[PDB]
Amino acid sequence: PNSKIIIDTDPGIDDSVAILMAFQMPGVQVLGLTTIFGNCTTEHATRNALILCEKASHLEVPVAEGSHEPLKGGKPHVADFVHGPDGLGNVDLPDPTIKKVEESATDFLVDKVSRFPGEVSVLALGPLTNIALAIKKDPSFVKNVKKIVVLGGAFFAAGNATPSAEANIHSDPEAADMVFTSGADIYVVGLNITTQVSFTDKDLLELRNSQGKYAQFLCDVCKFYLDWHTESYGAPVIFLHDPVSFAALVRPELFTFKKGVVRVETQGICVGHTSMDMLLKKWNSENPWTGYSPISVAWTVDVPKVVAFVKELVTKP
């Protein structure tokens, strides 16, 4: 009954909540943590991932460091204004005693998937660079992955990096387009659904009074994330993007999915934009969406059930 998963992540405040939720999930085995840039640098993401393994007493869970820059190259623009200078808010934790594995995130991904064919589900919580590099290295990777659950994109909704683009896709558009076009069993969880799942002061404070294993830390890390949300929007609500993506992987019943070809804009002002062909209309001419195999896009979300699911995992002793 045990479900084998690999988490590709940039921790990251909301990533940390999802990683800890995965470690608390009963029928879930975290094969390893794959690190990437985004919320913080690849260096910081690796450190934070090692810290999480130590805190959760999951020292057996290996951490594989990935790409330091996107497919096109160049120093990435990290979201330190939303996640903190180190990517973990104001939470001052000492250096982890454990080390990263020698193999890259790409090599770890390729190896585990080929070892357990049709068994490994990949949860992509950050830019898709490592997954795209893994697809390019092994042609049987696409065939051997059970499913890829992607947190990214904005489908008929405003982006967070730019009005047109969501952060993860904006951080590496080329990689996102390569993954969405790969023909693998992909499930995309965009801002259109994650911005529906709100967390008020009530649930965050309910989490503090509980005897949750990592409750005190998660409330401490979410404190910085709350202050940014109130400054940027003027609302005392927070969207936990990564935990919603985890809920789509382990509890897909709480969501509704729509089939369609997704393409990513890699050029111009709308770089990082995710355009989905709804397939309801037959096009008069062949376009960049014709011929490619469709992927599943999260369309509807049972907001009260997802919030209660996240709360049940976080409050768990």
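The first residue of the sequence shown is number 1, and the count goes up from there.
Asks: Higher average CA B factor in the deposited record is what I'm after, so tell me if that's 37-45 or 276-284.
Replies: Looking at the record's C-alpha B-factors, the answer is 276-284.
Asks: Hey, which bit's got the bigger mean C-alpha B factor in the entry, 229-237 or 169-177?
Replies: That would be 229-237.
Asks: Which of these has the highest Cα B-factor in the record: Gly27, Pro62, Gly66, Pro70?
Replies: Of the options given, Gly27 has the highest CA B-factor in the PDB entry.
Asks: Would you mind ranking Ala298 by its C-alpha B-factor against the rest of the chain and naming the third, lowest, middle or highest?
Replies: It falls in the middle third of the chain.
Asks: Report the third (lowest, middle or highest) to which the CA temperature factor of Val17 belongs, ranking only the modelled residues of the same chain.
Replies: For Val17, whose C-alpha B-factor we compare with every modelled residue in the chain, the answer is the middle third.
Asks: Determine, from the deposited record, the chain-internal third of the Cα B-factor for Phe81: lowest, middle or highest.
Replies: Answer is highest: the recorded C-alpha B-factor places it there.
Asks: When the modelled residues of the chain are sorted by Cα temperature factor, does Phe224 land in the lowest, middle or highest third?
Replies: As the PDB entry reports it, the C-alpha B-factor of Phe224 lands in the highest third of its chain.
Asks: Divide the modelled residues of the chain into thirds by Cα B-factor and specify which third, lowest, middle or highest, holds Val122.
Replies: CA B-factor rank for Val122: lowest third.
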